[PDB]
């Protein structure tokens, strides 16, 4: 064995195979290499007959492992062997392990690959490293899937239906797969992931120039590897997360930095990345944005109201579209009858063309003067207002539809034909916004703006155009928000609509939501519930009880999203949000989410602590449970210590009225 050594870590590298264990010396925990096949890496490539296989690079014909410096090991995997015995001559992989001399940090990097006459695709490296042993380690995998989840490495008590779906998923394909970085679907929103047990934690931060995928395996024994062979898996149930380097696409540095934290968990992991988020320039705090624009202070304690009039999907849709007098009346009722002190009114359906032509203010709905009357009223309440804007759609039912604004690829093929809301080439979108946004700001006296779709993901293609649009919007110094967002857009916006959870998502039945993104960025970006899954809808992510309680735990604002005809049905939830979530949201708005803990064995009772001096304890399940000190938290209940010393206690109640 080769040993790299500093004060905190022992790195033990097998010179025959290239596998390495990591001894974290403060706690004595040893992270093993691949417990299944002793594979340092898993390479996917075509063979001589062109079919693609995955090989264990530790079975390569030649393996060179050598220490070059006191802290650097070079590894070369030369001529891998296929399962039949055929050799991929001319194929090689070079990697490096680099131990930091002072900190508990190990950089792992794929530095070179060579294809021969073969084609290389995926490299899992390190392969199945830093695993937890299911039901031996008590801990979790930590995954920034949108707002974030953890995946416990052991079976625990929970509701009988959830228990069945949980355990069953760890024995089928629901517990294995891959996730992509920086999208608004199923993927990750921060470039890191980790595992921890009762002794120590390890996380890995992907290099800023790279875009691997992340393979996950949640308590699965690898039966998926053997189902096509029709034999039973001989492996142990483990938890692992692996980087998937896309050798056929990766232009960046294929480097991941591992950080080892004794006695840490997902909270410690988030704070480690938070330092890295600042160095990368993503972190622009809400206090800095408030210095630049005092109207940012209209956000703390505001309910986000989406009034959906069938637009952008349809112009003047019968039964859905609102008149500007109706908009005015809804705003007035929210203030005068419902006594909402602070609100963000987002009117979806104010223009008579389809997006991306966000003009003119629709005459059929009342015209500019009546929209201005509604906006004037909201401004007199101190509310923020914005119309719906988007500069990326190109809709089939728009009479102005044109492919002139769409992007084509090298073959001349239209891109995004199957994604109507994101069809305009971003290099056009500042110019599309320039057509009317300034006329609308000037005429209505706007103090805020929401822009949708364009900033929901962060992909390389078109990012220059999107940055241009972002700079142009931010140059107005309005309180501005955007749909979903990503960390890269944090410097340009004050709030994100979303950054919570999809309803149907990989891992939903074998993970618990954790406020991983807000553990990093709550000080820098305010977020609200997503409009497709608002706090007034009952979905896989809960009803109003669960969603209101989680809002306070996680530090996001209320979203009430509705068609106008629904308004009277919203009053009770508007009032409950006004009385419970809004004061807490107002107090914690600018502060750091310092810690989050799960207090019950079924993870339903949680405690969050904010640097404003606020503590939120909530119980997302139906039975009351006791925590430390004998204090009992009711089902769908809360115990909130406010900065002013008041202790808000109570719970949600469902009652049956039988006339």
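Positions refer to the first chain, counted from 1.
Here 110-118 and 209-217 are compared by their mean Cα B-factor, and 110-118 comes out higher. The PDB entry reports B-factors from which the mean C-alpha value can be compared for 431-439 and 525-533; the larger average falls on 431-439. The maximum CA B-factor among the listed residues 242, 487, 96, 168, taken from the PDB record, is found at 96. Of the candidates 272, 143, 75, 509, the one whose C-alpha carries the top B factor in the deposited record is 75. For residue 601, the recorded CA temperature factor ranks within the middle third of the chain's modelled residues.
In this PDB entry, residue 294 carries a Cα temperature factor that places it within the middle third of its chain's modelled residues. Split the chain's modelled residues into thirds by C-alpha temperature factor. Residue 616 is in the lowest one. Ranked by C-alpha B-factor against the other modelled residues of its chain, residue 198 falls in the middle third.
Ranked by Cα temperature factor within the chain, residue 401 sits in the highest third according to the deposited record.
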